[PDB]
Every structure is written in structure tokens, then in C-alpha cells.
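Chemist: Below is a structure I'd like to ask you about.
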Amino acid sequence: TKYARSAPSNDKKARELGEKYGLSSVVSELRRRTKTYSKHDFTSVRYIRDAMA
Amino acid sequence: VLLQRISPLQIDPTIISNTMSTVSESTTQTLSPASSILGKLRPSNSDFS
Amino acid sequence: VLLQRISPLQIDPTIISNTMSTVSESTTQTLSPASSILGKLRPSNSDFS
Amino acid sequence: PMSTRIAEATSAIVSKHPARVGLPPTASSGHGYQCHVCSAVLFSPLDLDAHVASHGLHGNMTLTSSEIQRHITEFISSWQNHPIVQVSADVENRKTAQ
Amino acid sequence: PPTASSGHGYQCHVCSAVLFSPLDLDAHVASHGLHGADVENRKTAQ
Amino acid sequence: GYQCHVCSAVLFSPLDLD
Amino acid sequence: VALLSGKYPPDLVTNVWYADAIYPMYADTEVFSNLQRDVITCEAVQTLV
Amino acid sequence: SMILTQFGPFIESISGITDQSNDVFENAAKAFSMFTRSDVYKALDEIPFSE
Amino acid sequence: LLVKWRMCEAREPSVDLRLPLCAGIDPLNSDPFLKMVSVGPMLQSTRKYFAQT
Amino acid sequence: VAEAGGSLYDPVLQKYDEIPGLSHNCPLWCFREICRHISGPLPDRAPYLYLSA
Amino acid sequence: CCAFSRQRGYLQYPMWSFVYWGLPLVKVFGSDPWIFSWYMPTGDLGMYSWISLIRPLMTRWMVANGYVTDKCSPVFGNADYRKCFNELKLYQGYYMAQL
Amino acid sequence: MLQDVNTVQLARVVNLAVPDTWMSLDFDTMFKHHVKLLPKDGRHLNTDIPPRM
Amino acid sequence: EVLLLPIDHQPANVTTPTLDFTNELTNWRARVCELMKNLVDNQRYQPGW
Amino acid sequence: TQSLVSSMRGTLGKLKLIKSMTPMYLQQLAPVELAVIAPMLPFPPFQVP
RNA sequence: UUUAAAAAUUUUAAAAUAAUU
Ligand SMILES: [Mg+2]
Ligand SMILES: [Zn+2]
Ligand SMILES: [Zn+2]
Ligand SMILES: [Zn+2]
């Protein structure tokens, strides 16, 4: 647990960008689906690869 | 057949190979006792009946 | 992990490699003492923990 | 979902062994894996497979799904028997957290 | 002995492949399942 | 079919193979 | 080859091994029915004489 | 239906069912060459996409 | 083609089978996963196999 | 051509992979629908033909 | 690799050229499906690699369809590779890839 | 004049290199330790190599 | 206020260390190598070499 | 030559002490199995000294 | 009295493929 993410948050700016171009539903869907991964696993890295392809 | 069914012994002819592979012998030489006995003996669990 | 972070000690098998590489072994042989320990001195699942 | 899918794949790779039981061996009920080329009864999947492989005239071997499975079981036995791999975990228990 | 196989059979029927011989087919399916009266005859019977 | 083990040549009977 | 290569299972206990490998051939009762055949053979030879 | 009727042997060859060979390869290549874009979009029309 | 070989034994693993090293190479991707986990990634320098001149 | 063959069998995992066929591929659907709605009554179906010049 | 293989008096590549460039086989010579990985190198080394793993079956298939001769080759035994590989267009792709 | 020329000649006659796909793997230790020129059951009188080759 | 150790401790006296051989963990390696040399010495144990 | 004579010595001395269980089996367990199998045989033993 | 270590150099100049600044 001590190695959890501690860099500053990326929430307000991301939602601002998503709202300025109408892509708010997509941003909210990604921001929601990402918060369900809490284990460094093959499945989470596959999630990142798929989201970035 | 029933001796095979009952007996606990098991013949695995890799003991011979693993013991003959540790022999120290040169290479500039036209004879090799290890290879010679491995050829003469041919350890194979095909017919140990 | 705390000991590894606090210690000024490093580990590298290149020391063993360079030490072994100085002994002279015959090219025409079947047993290589320097080349055997170098093989069996690499940990499994590469963990030095 | 992908979690169940990767989990099933990991199980299909890693669960190539029946179990680890402490009991004396036995021909009948000693987990003796019987071959068919000859009536012998071996006490391990890898043992039975080395049996069947040494059956087959080593000079005339070619690639096969059987050989692939043989090498995979031989490979995973070592990772299963490594001690750090035996005793290790990622998630904390109540007692260790306490 | 060192037998081989030749020609005829091809039906994998677990993964729809076609093999080189029925003996190879048998070995292949076995791998699947594994991973994943004369008087002399009268006297002998006697 | 009976196959050699030194050059992979294939024959059709054990005496021929020998 | 069989006399040079030979090994037991990993940790066999011979009493248990034979106790559960010798059971079926003694549960099969067929040697008792041969003594009657021997009786009939002797009776027949004597009657012939 | 269309692509199957065209090159079923090629489907079998590259899908790990039938042994590969040069004849199926070159026949399939013929099928690729002698083939029009209207044929492409008709083949796309044949696909019964789900919801 | 005059030289023959012999496939004897599976070498011991060179990396843990639970450690993601490249996203997409997981147990779902069987062959790359087995090659990566039984050979191990690259961390060495072994250039120039007989580029002598 | 490639997807006509269907699913595949894994010699390592001993099972057919679960990858959805073309009937779950919304990029192909959008491609076909855009080409349709652009072509309309015209017999020619390609919205432009790429050529050397 | 088929759709980009023919174009105009035609000139076609046999698949053996593509196998020479690096692309790994699937089901050649009556073997099991999906035996070869792509990590097989490209060129002579890769060719030797994928051949030596199948050579016994590779020659028994040849002998099982006609191709037979009275010449004990050290590699392929009695089957006449020199005629069949010319027939199967193996030499052709193997030497066209090098151009 | 040093470095006798039995190595440059072979290096110039043969073209055997590490392919592209192996760059991510650890082929060096595979060359060093896990391809053994002494066969499994000892010498053979065929696999013997002369001292000056 | 005491900590036990399975090996002897001896504080250094320079904060810029350089190599030396005088310690029990090197003497142990020396002893082991000497006895390895011994059991390799005679032809009573390794005759084919 | 001396090398070949020494290699033959090594092979013989390594073949005389080969960790095989077959002789111990023939001494300790084989007669017990023969005696356990004999009374159930259809054709009783017929021996001479 | 017989065997054997053999050199691991570069930065390799140009032409094609791919990755990047
Ligand atoms: Mg830039
Ligand atoms: Zn058997
Ligand atoms: Zn199958
Ligand atoms: Zn032959």
C-alpha cells in the first residue's frame, strides 16, 4: 500500500479538456473504469495497452 | 507379467548414461571406452521382460 | 529491502567470470572446471534476494 | 471479462500437476500414472512422459504437441519447487498487517 | 520397434486438424487426453 | 513403415531395416 | 542392463507396498478348484487300472 | 459465403487445418488479383453484424 | 544440414511467472510469454559476434 | 480472408481462444455504413480509388 | 502476403520466398498445427532451423507420395528431394527471395 | 601480423547474425551455457573437433 | 540492549576501506578450498582423470 | 597409450561402483515375491537342486 | 612422455526496412 500513486492529481484539467470538445462522456467512462484496478497485474497492463491503442 | 505388476523395482537405464557421461577422456584419440560400452549396452527400456 | 537500500555493497558475477577466465583449460577435453561452476553459479529464477 | 480470461489462461498453464500428497507410494492407489506402450506404472506426469519419450527411438524425434506439453511440465515443475516462489505473496493478511 | 506411419488416416476431431496417418492420429489424441486349435493349444490351455 | 535412425530413410520390413 | 540399472520409488515403505499390491491375487480364489481336478485325475487313473 | 466459395482451401491452409502448399497459395493469389472493389463491399454486405 | 541436435531438458526459469515485463505478453499470449519467461529479457552487452576485420 | 477461418486452437493452453468474430467489430460496421450512405443509388461502391498519380 | 504477391506475362512469388524472409510456417508437411514461432531467424539459419525439427516426417511424407530413389542421402535418406522440392517450388522461392 | 587469420576468413565467408526479433531476449547466456557441444551421453568420435579448428 | 550474531564482529578503523584477507569468512573459504584440493589430489577417488 | 589405459581404468572403476538397487533387490525382496506368488500358480514349481 | 588455451577486434563508408530526436 505504501507504493500507491502519490503524484499530483490529473482530474480537473482532464475534465476541462474533455468538456471543451464535447468528449465528456468518453472521459468520464475512462476515469470511472480506471478506478477499478488496484493490483499490478497482467490484466491492468493489458487495460492500459488497449486504452492506448 | 504378474512379477511386473507386483514388484517395486523399476529399471531406468539413465543411471548408466549419467554415470558414463562424467568420464574424463581426451578427444585426439580414436578409441573411447565410454562410447564403446554405451553402444554395446544400448540402455533402452523396451524389453526388460 | 531496507538492508539493500542502506548497504554500500554491490553484487556482480563479472568478478567470478573474470577470475575464472584466467585459468588455462585444454580445448580437447570433456570436462571444463572453470566452465562448470560458471554454469551452476547462476541462481534460478534469477533472484539474489 | 479479461480478468477471468487471463486467470483461466494462467490456471491452464500453471495447473499441469495433480497435487502434492504425503503418503507412501502404491501401484494401485498410489497415484501411479500408467503408460500404455508397456504396462509400467509411474508416479509422476513427468516420469510417465520421460517413459513415453524414451520409448520413441530418439534419432527419429520430431516436433509434436506432446513434446510441447512435456517441456512445459518440466519447466513449470522447477518454478513450482523454487522456495521463494513457494513462500511468497503480494496481498497482506490481517495478522501481518496487525 | 522403431515403427513409423504412412498415408491414410486424418481426423483430429478435437482441434479440427488432419494428420499423416491413423497411428499419428492416435498418438495425437492420446496427447490431448493426457495433457489438459492344435493339440499344443489344447495342452497350453490345459 | 519402419524408418532408419541414422539417415531417416524409411523401409517396409524389420529385416530390411536391419 | 536390468542388472546395472535399478531404482526404487522416492520413499517406498515395503510393508504398505506389498500390503496393497498383493491383495487382488489372494482375493481371487481359483487355486481351490484345481485340487478337485487332481482328485478326479487320480480317481480316473485308479478306475482305469 | 463469397470469400468461402472463392478460397476455402486457403482458409483451411492458413488456419492450421490443412497442410500448406504452393498451389493453394498461388490460386488464392489469383483470387486476390482477379477481384474488384464492388466485390469487396458486397462481401462486407454479406456480414450479419450484431447489435 | 550435416549436423543433428537433441532436445533434452527445459532450462530453469529466468524470470518470475507473475511479473509483467511487457504489456500484451501474458499467459493469453502463450508463445511469447513462454519465450520471455524461459529466456529472460535483455540486460547485457554482447555485440559483434565475429565482426573481426 | 484471415477471419473467415474462425477461432483458433492453442497448442499450449489447449482450448480455442475467445475473440469475438467480425459480427462484434464496430469499425467494420461504421466503414460499411459510411460507404453505403455516401454511395447511395450509385452502382460504384468505393468512395474514392487510390491510384499512383 | 498473398494479396501483394501477384501483378502484371505474370510473375508470382511462391510462399517459400516469404518463409525465407522470416515469416514462420503453420502446417507444412503433415505436421502438427502451429509448431513454429516467429523467433526463427531469416535466411539460411532460419531455413536450417525449421527443417531440422521436422526432417524425419519431412522425408517420410516425400516417400509416402511417390518420391523415391535408390540414393541414401545423409540428410533425407532415400527420398529424392531434388525432384520434389523443384516440383513443390521450394528451390524456386528460396532462390528468388535472394534476388 | 598478430591475430592469425583463421578467424577473419571464416567471418568473411559465413553470414550468420542474430536476427531482429531476438534483440529483446537474453541470447547471450543461451549461447554461452545452454547450447552444449558435448552430447548428452558423452563422446561419440563424430562430434569430436580437431584442436586447430 | 544487546544483539547476537552468528559470526564475529570487529569494527573497522578507516572510513575509506580497501581490501584485506584477515577474517573468518575468508579463512573458511581457504579451509574449504584446501580440503577440496586434498580430495582431488589422490587417485584413490578420481582414477579416470 | 597411457591416456587410453587410464581412461579404461576410470571406466572400470566407475562401473564397479554404480548406484544400482537390483542386486540388493535380488537378495532381499525377489525371493519373497516368488514365495508369495508360488502357492497361487496354476502349475506348481518343479525344481531340481 | 602426449594434449590444449587460439584473436572479442570496430564504432563498418556507403544502398534498402523499421524506431526515434
Ligand atoms: Mg522533436
Ligand atoms: Zn509404458
Ligand atoms: Zn489436435
Ligand atoms: Zn538409414
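Labeling convention for the C-alpha cells: chains A, B, ... as they appear, residues from 1 per chain, ligands from 1 in order of appearance.
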Taking every C-alpha atom in sequence order, what RMSD separates chain B from chain C after the best least-squares fit?

Modeler: 2.3 Å

Chemist: Please write out the residues within 7 Å of ligand 3 as an mmCIF file with C-alpha atoms, in the first residue's frame, counting only C-alpha atoms (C1' of nucleotides) and all ligand atoms.

Modeler:
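As a result, selection-v5.cif now contains:
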```cif
data_model
loop_
_atom_site.group_PDB
_atom_site.id
_atom_site.type_symbol
_atom_site.label_atom_id
_atom_site.label_comp_id
_atom_site.auth_asym_id
_atom_site.auth_seq_id
_atom_site.Cartn_x
_atom_site.Cartn_y
_atom_site.Cartn_z
ATOM 1 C CA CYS E 12 -8.118 -34.778 -35.282
ATOM 2 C CA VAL E 14 -10.729 -32.101 -31.047
ATOM 3 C CA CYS E 15 -8.960 -29.332 -32.926
ATOM 4 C CA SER E 16 -10.081 -29.784 -36.487
ATOM 5 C CA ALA E 17 -6.707 -30.814 -37.935
ATOM 6 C CA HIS E 28 -2.072 -37.079 -31.099
ATOM 7 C CA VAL E 29 -5.446 -37.655 -29.448
ATOM 8 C CA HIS E 32 -4.758 -34.381 -25.963
#
```

Chemist: Within 7 Å of ligand 2, counting only C-alpha atoms (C1' of nucleotides) and all ligand atoms, which protein or nucleic acid residues do you find, written as a list in words?

Modeler: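 Final answer, ordered by chain and number: residues 34, 35, 36, 37, 38, 39, 40, 51 and 52 of chain D.
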
Chemist: Determine, for each residue of chain B having at least one atom at most 12 Å from an atom of chain E, the closest pair of atoms and their separation in Å to one decimal, counting only C-alpha atoms; order by chain and ascending number, as a tab-separated table.

Modeler:
```
residue	atom	partner	partner_atom	distance
B:44	CA	E:1	CA	11.3
B:45	CA	E:1	CA	11.7
B:46	CA	E:1	CA	8.3
B:47	CA	E:1	CA	10.1
```

Chemist: May I have the selected residues written with C-alpha atoms, as a short mmCIF file (atom, residue, chain, number, x, y, z; two decimals), in the first residue's frame?

Modeler:
```cif
data_model
loop_
_atom_site.label_atom_id
_atom_site.label_comp_id
_atom_site.auth_asym_id
_atom_site.auth_seq_id
_atom_site.Cartn_x
_atom_site.Cartn_y
_atom_site.Cartn_z
CA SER B 44 16.56 -48.79 -23.57
CA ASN B 45 13.52 -49.81 -21.52
CA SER B 46 11.92 -51.58 -24.48
CA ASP B 47 12.26 -55.25 -23.48
#
```

Chemist: Using only C-alpha atoms (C1' of nucleotides), determine which residues lie at most 9 Å from stretch 36-47 of chain J, disregarding the query and same-chain residues fewer than 2 positions distant; provide the list as a PyMOL selection string.

Modeler: (chain H and resi 37-38+41-42) or (chain J and resi 31-34+49)

Chemist: Within chain E, find each residue whose DSSP state, derived from the backbone, is alpha helix (DSSP H), and express the selection as a list in words.

Modeler: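 Alpha helix (DSSP H) members of chain E, listed: residues 22, 23, 24, 25, 26, 27, 28, 29, 30, 31, 32, 33, 34, 39, 40, 41, 42, 43, 44 and 45 of chain E.
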